[PDB]
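Only one structure is covered here, and it is reproduced in the block below.
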Amino acid sequence: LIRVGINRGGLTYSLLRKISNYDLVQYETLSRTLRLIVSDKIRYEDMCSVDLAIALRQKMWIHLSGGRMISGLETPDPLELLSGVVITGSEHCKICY
Amino acid sequence: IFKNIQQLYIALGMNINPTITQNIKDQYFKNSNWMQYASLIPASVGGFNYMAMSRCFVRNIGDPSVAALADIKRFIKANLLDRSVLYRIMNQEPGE
Amino acid sequence: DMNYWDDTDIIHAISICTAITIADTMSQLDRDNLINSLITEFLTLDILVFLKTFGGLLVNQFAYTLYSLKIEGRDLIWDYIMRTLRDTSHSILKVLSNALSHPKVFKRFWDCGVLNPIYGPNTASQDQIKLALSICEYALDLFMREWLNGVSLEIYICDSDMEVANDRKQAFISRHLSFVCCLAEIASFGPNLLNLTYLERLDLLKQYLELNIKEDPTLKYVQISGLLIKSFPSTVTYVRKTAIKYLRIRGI
Amino acid sequence: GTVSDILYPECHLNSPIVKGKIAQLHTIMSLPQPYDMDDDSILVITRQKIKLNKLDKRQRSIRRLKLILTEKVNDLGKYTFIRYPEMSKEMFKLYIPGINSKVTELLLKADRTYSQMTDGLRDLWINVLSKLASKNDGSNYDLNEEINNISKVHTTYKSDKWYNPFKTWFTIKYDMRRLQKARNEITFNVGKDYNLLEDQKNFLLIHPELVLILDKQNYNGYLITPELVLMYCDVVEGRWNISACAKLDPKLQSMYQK
Ligand SMILES: [Zn+2]
């Protein structure tokens with residue numbers, strides 16, 4: 001990028017500042033998130049991850065979506081959906097029963 | 001997880017990037033459990049953890065957010081994270 | 001007087017006085033309270049301390065506006081300051097542009113690296129406002145980095161009258177406290193400072209900072225007591241002239 | 001030289017290793033020449049450029065380190081320099097305890113932080129395994145060697161044969177990369193561009209163009225290019241990772257010793 005910009009021009013300090021501050025901005029954003037003050041009115045840990053994703057996307061995209069519905073994205077993850085039973089010892093499947 | 005923790009410490013204390021100031025460094029080094037949270041929260045919702053637990057079994061996991069929130073729930077059940085971490089993640093500020 | 005001074009101290013004094021002169025903070029302090037030949041010091045000052053002091057003065061000038069319009073964080077402060085400086089032209093920009101027009105000053109800032117050859121085709125008398133703006137862009141970031149790395153900032157409060165110097169010092173303390181409140185991202189809940197005097201502003205801001213320190217011992221580990229103030233009975237311009245005359249006497 | 005804040009030095013080896021560059025480093029600053037080359041044209045060119053005072057800026061910066069070398073090390077003529085391939089046995093295990101006192105504390109902090117979560121990790125994996133394959137009759141998942149080994153990952157990594165060479169090489173690479181990046185970025189005062197570290201047993205000189213290592217117990221010298229620094233560093237890091245991870249996994253414990 002620097003070589004081609006030297007060859008052609010168009011680069012400026014205020015453009016590469018964004019690249020040079022990237023990691024620091026990431027750390028600052030995480031630190032801003034980590035010291036937030038929250039209440040326990042909503043028990044998010046008792047919800048399904050699909051519902052959590054839907055609620056999070058509704059919250060973070062509010063300045064564009066408003067109250068409208070975003071569809072076609074959420075799918076279940078394998079480790080939460082599945083329940084494996086190893087049948088042995090002449091006993092019926094507990095989930096099937 | 002161990003290598004992620006080591007790399008976070010290296011990037012925050014022994015790297016040639018001059019933009020990393022001192023307030024960020026000691027804020028992460030002195031606030032309790034902050035390095036653990038940074039290394040353990042999934043990257044899709046803010047953290048630096050890039051390995052989903054279901055990735056150890058399948059290559060395609062679907063969309064990253066659902067896997068990240070399922071992993072956060074599993075962490076809460078295993079006492080690796082507190083519920084307040086989930087609440088903060090749910091109530092973080094949006095971008096533009 | 002300055003007989004005990006060494007070369008490094010007099011050079012630092014020259015650079016600090018040049019920074020104080022370029023950005024007319026002294027008249028700003030006076031309104032809070034209700035020289036064409038500039039080449040030789042620019043050829044005989046220290047670039048690093050001058051840029052750091054200039055960034056400090058620039059961010060101190062806009063501190064009250066940054067407090068009134070609730071802006072938090074280094075990135076947003078830099079963005080707003082540069083946007084205001086680019087849109088509404090100042091007189092300090094004109095002074096800096098006139099100073100940088102000289103070929104030797106341009107060569108110095110070119111060899112130091114602030115005037116990057118890549119970022120645009122610029123020579124002596126080619127452009128002035130763009131060069132001043134680039135200098136300001138680098139100075140702001142440099143000062144922010146130094147302040148966050150726990151480096152003290154030192155300025156000179158010079159006036160013939162003692163009480164006037166003390167009042168100027170108090171106004172500067174008030175602006176610096178407001179800037180520290182903005183940089184700590186705790187300025188959203190601050191008390192309103194509209195249509196109010198500087199003494200009560202300082203008292204209220206100090207009380208608010210003390211309360212926040214009481215909440216958490218470190219306010220996100222942001223430095224506070226980095227100000228180092230030296231006061232002289234003579235004026236700033238006289239101090240700069242006196243320092244440069246001793247520098248001439250010692251034969252550089 | 002270009003100046004920008006986005007230009008970083010290389011962190012890993014991406015180019016080949018050329019004998020000509022090392023031989024030229026030997027012949028620029030006047031030292032005995034250990035290499036014999038199939039085509040020594042670069043040596044002839046460098047010697048003629050030396051004779052006619054036609055060295056480049058970087059070449060002159062490399063050349064003027066000989067003055068520092070003669071000033072510091074008094075008995076310089078009785079050291080023997082060793083070629084690249086022959087010195088790999090000593091470079092692969094290089095320990096300088098004096099210089100690696102900065103990475104040690106960071107890694108200790110990392111070990112402490114990891115150690116404060118092994119119980120949670122064990123419980124997490126136990127829950128996942130019990131939910132994914134539940135057997136009605138016993139099959140207690142706790143007494144699994146793979147799960148039990150979670151609580152000793154940091155201990156196995158730390159108590160490893162390749163830990164100290166890795167620390168030393170990482171420190172060396174960090175210093176050299178810091179100098180190389182210091183070339184590109186904005187600077188206000190010009191000073192020494194090298195880094196000298198003196199020990200009772202080792203002598204280490206780091207320059208953006210070279211690394212010189214002298215051991216005085218047996219009077220041997222090693223002059224290496226920045227490419228060799230990255231090569232040695234990531235080779236030793238790979239050996240460290242392989243050894244630790246093979247030690248942890250029960251299926252590879254034989255491959256550890258092998
Ligand atoms: Zn069944």
Side-chain angles (χ1 to χ4, degrees), chain A residues 40-58 71-97, chain B residues 1-2 36 40-45 47 49-87 89-90, chain D residues 116-153 248-252:
Chain A
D40 63 358
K41 301 322 162 60
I42 301 191
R43 299 292 179 90
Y44 284 113
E45 72 274 351
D46 283 333
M47 279 153 86
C48 183
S49 52
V50 168
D51 288 317
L52 284 182
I54 296 175
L56 182 68
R57 277 190 181 108
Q58 285 298 115
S71 65
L73 297 167
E74 299 89 5
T75 61
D77 63 316
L79 259 59
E80 176 166 325
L81 186 69
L82 297 189
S83 293
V85 176
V86 181
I87 286 155
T88 186
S90 88
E91 191 50 28
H92 280 282
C93 180
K94 57 184 181 180
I95 301 170
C96 289
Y97 172 60
Chain B
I1 301 298
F2 180 57
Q36 156 166 345
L40 203 55
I41 294 169
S44 315
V45 300
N49 186 35
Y50 273 92
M51 185 180 288
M53 289 174 74
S54 75
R55 174 60 174 109
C56 299
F57 297 106
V58 296
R59 189 184 308 269
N60 184 347
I61 76 184
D63 64 321
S65 303
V66 176
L69 292 152
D71 286 17
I72 288 170
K73 291 178 48 196
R74 284 180 219 120
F75 293 153
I76 292 172
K77 297 298 285 292
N79 294 315
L80 286 173
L81 293 172
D82 195 44
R83 318 177 325 175
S84 57
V85 181
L86 179 49
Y87 301 159
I89 279 171
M90 293 309 279
Chain D
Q116 291 178 357
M117 64 184 73
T118 50
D119 287 352
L121 286 172
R122 186 155 53 72
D123 289 352
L124 173 72
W125 270 108
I126 276 176
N127 293 336
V128 162
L129 281 186
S130 74
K131 174 204 177 73
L132 262 185
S134 54
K135 326 193 179 60
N136 182 26
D137 52 345
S139 178
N140 200 44
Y141 277 110
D142 192 8
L143 277 296
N144 186 1
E145 182 165 18
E146 174 182 350
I147 288 175
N148 287 353
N149 276 337
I150 284 178
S151 52
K152 64 184 55 168
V153 166
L248 282 158
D249 201 8
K251 209 203 187 172
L252 301 157

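Reminder, nothing fancy here: chain letters follow the sequence lines and each chain counts from 1. Side chains are part of it too, since the values below use all heavy atoms of this structure and drop only hydrogens, waters and symmetry mates.
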Spacing of CG belonging to D:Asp142 relative to CH2 belonging to D:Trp125, to within rounding of 0.5 Å:
15.5 Å
Rounded to the nearest 0.5 Å, what's the gap from CG on D:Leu121 to CG on B:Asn79? Could you check?
12.0 Å
Specify the closest pair of heavy atoms between A:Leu82 and D:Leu132, including all atoms of both residues, with the distance to one decimal.
CB-CD2, 4.4 Å
For A:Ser49 and B:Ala70, work out which heavy atoms get closest and say how close.
CB-N, 3.8 Å
Between B:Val66 and A:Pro76, is any pair of side-chain heavy atoms under 4.5 Å apart?
no
Is B:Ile72 close to B:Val45 at the side-chain level, that is, under 4.5 Å between some pair of heavy atoms?
yes
For the pair A:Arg57 and A:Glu74, find out whether any cationic side-chain nitrogen is under 4.0 Å from an anionic carboxylate oxygen.
yes
Other residues, nucleotides, ligands: >12 heavy atoms within 6.0 Å of B:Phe57 CZ
yes
Looking at side-chain heavy atoms only, is the closest gap between D:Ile147 and D:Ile126 below 4.5 Å?
yes
Could you tell me which non-hydrogen atom of A:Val86 sits nearest to which non-hydrogen atom of D:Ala133, and how far apart they are?
CG2-CB, 4.2 Å
Is it the case that the side chain of D:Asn127 and the backbone of D:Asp123 share a donor-acceptor pair, with hydrogens and angles ignored and the cut-off at 3.5 Å?
yes
Under 6.0 Å from the CG atom of A:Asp51, do we count more than 12 heavy atoms belonging to anything else shown?
yes
Going from CG on B:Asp71 to CD1 on B:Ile41, what distance comes out if it is rounded to the nearest 0.5 angstrom?
12.0 Å
Mind checking the CZ-CG spacing from B:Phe75 to D:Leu124? Nearest 0.5 Å is all I need.
6.0 Å
Are B:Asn49 and B:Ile1 packed together at the side-chain level, in the sense that at least one heavy-atom pair is separated by less than 4.5 angstrom?
yes
Do A:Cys48 and A:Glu80 make a side-chain contact, defined as non-hydrogen atoms from C-beta onward lying under 4.5 Å apart?
yes
Any side-chain heavy-atom pair from B:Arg83 and A:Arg43 closer than 4.5 angstrom?
yes
Just how far is it from atom OG1 of A:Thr75 to atom CG of A:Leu81, taken to the nearest 0.5 Å?
10.5 Å
Check: D:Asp137 and A:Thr88 side chains under 4.5 Å, non-hydrogen atoms
yes
Kindly determine whether D:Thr118 and D:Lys152 satisfy side-chain contact (heavy atoms from CB on, under 4.5 Å), including the steps that lead there.
CA-CA 9 Å; D:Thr118 50; D:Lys152 64 184 55 168; over 6 Å; no
Does D:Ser134 reach the main-chain N or O of D:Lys131 with its side chain, forming a donor-acceptor pair under 3.5 Å?
no
Does either side chain, that of D:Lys135 or that of D:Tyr141, offer a donor lying less than 3.5 Å from an acceptor on the other one?
yes
Can you give me the closest heavy-atom contact between B:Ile61 and B:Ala67, atom names plus distance?
CD1-CB, 3.7 Å
What distance separates D:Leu248 CG from D:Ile150 CD1, expressed to the nearest 0.5 Å?
10.0 Å
Do B:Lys73 and A:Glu45 sit within salt-bridge range, that is, some charged N less than 4.0 Å from a carboxylate O?
no
Could you check whether D:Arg122 and D:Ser151, counting side-chain N and O atoms only, form a donor-acceptor pair closer than 3.5 Å?
no
Might you point out which heavy atoms bring D:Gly120 and B:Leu80 nearest each other, and give the distance in Å?
CA-CD2, 3.7 Å
Salt bridge present between B:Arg74 and A:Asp77 (N-O < 4.0 angstrom)
yes
Stepwise, does the side-chain contact (heavy atoms from CB on, under 4.5 Å) test hold for A:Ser83 with A:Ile95?
CA-CA 9 Å; A:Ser83 293; A:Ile95 301 170; 4.0 Å; yes
Which pair of heavy atoms, one from B:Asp63 and one from A:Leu73, lies closest together, and at what distance?
CG-O, 3.7 Å
